[PDB]
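The primary structure of each chain is shown beneath.
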Amino acid sequence: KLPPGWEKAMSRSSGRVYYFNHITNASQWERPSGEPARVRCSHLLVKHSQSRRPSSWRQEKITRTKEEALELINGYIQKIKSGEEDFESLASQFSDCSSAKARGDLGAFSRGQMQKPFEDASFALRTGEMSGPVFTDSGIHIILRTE
Ligand SMILES: OCc1ccc2nc[nH]c2c1
Ligand SMILES: [Cl-]
């Protein structure tokens, strides 16, 4: 039927079908379009108090809860999707990863390099697509596949 990970769902508020991807946590109204050895991704990480390393270049001790991090991630996605703000503008300013200085770019990578939830989301994204919140031991990511 649909590309890897995609499924139909019903909107609770509107009643229109939409599409949801249980690997990338992407969701969208439109039916998804149509694996490589490597992909290239950028990401925006929001760390929290249960992150493996509760520290980042933004904050020496990161104290926010997982739920507060998820709300930050959700707001960033809203601003990206609405075009009020660009993915790399937000990554540069707010990602708790050192790759913020590279606009969130992590470069090319193969399978078996990144943490598994990140890897799987990255390889299920089509070029140009963005994930929803992706949970790993580092925190919560928004992932943009650039190549
Ligand atoms: O493997 C997933 C992943 C990727 C990039 C990261 N930067 C900080 N923590 C990270 C975790
Ligand atoms: Cl880390």
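Residues numbered from 1 in each chain as written, not as in the entry; some residues may be left out. Chains lettered and ligands numbered in written order. Heavy atoms only, no water. Residues with missing side-chain atoms left out of burial classes, pairs and counts.

In the PDB archive, X-ray crystallography is given as the structure determination method for this entry, at a resolution of 1.98 Å.

1. Looking at the site of ligand 1
Around ligand 1 sit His43, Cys97, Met114, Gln115, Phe118, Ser138 and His141, and those are all the residues in its vicinity. One of the backbone nitrogen or oxygen atoms of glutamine 115 is found 2.6 Å away from an oxygen atom of ligand 1. One of the side-chain N or O atoms of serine 138 is found 3.1 Å from a nitrogen atom in ligand 1. Look at ligand 1: alone it shows 290 Å² of surface, and the protein chains cover 81% of it. Tallied by class, the residues present in the shell around ligand 1 amount to 3 nonpolar, 4 polar and no charged. (Near = heavy atom within 4 Å. Polar contact = N/O pair within 3.5 Å; in protein donor to acceptor, adjacent residues only side chain to side chain. Areas by Shrake-Rupley, 256 points an atom, 1.4 Å probe, with all protein chains shown as cover. Nonpolar A, V, L, I, M, F, W, Y, C, P; charged D, E, K, R; others polar.)

2. Considering the nonpolar core
Core analysis: the biggest nonpolar cluster contains 14 residues, and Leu44, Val46, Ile73, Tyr76, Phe87, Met130 and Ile142 have the highest contact counts within it. For this core, the secondary structure elements donating two or more residues are β4 (39-46), α1 (66-82), α2 (87-94) and β7 (139-145). Ranked by residue count, the leading element in this core is α1, at 5 residues. Among residues more than four places away in sequence, those in contact with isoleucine 73 are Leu44, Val46, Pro133, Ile140, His141 and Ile142. Counting 9 residues, the second largest nonpolar core, distinct from the first, contains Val39, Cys41, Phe118 and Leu125. (Core = buried A, V, L, I, M, F, W, Y, C linked by side-chain atoms within 4.5 Å. Buried < 20%, exposed > 50% of the residue type's maximum accessible area, 1.4 Å probe, protein only. Helix = DSSP H or I, 4+ residues; strand = E, 2+ residues; numbered from the N terminus. Contact = heavy atoms within 4.5 Å.)

3. Describing α1
Between the first and last C-alpha of α1 there are 24 Å, a value that for 17 residues agrees with the 24 Å anticipated at 1.5 Å per step. Among the residues of α1, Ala69, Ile73, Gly75, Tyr76, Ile77 and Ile80 are the ones counted as buried. Backbone geometry just after α1 places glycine 83 at a positive phi near 75 degrees. (Expected span 1.5 Å × (residues − 1).)

4. Some remarks on the environment of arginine 16
Relative to the helices and strands, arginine 16 resides in the loop between β1 (6-10) and β2 (17-21). The contact partners of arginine 16, leaving out residues within four places of it in the chain, are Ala9, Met10, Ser11 and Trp29.

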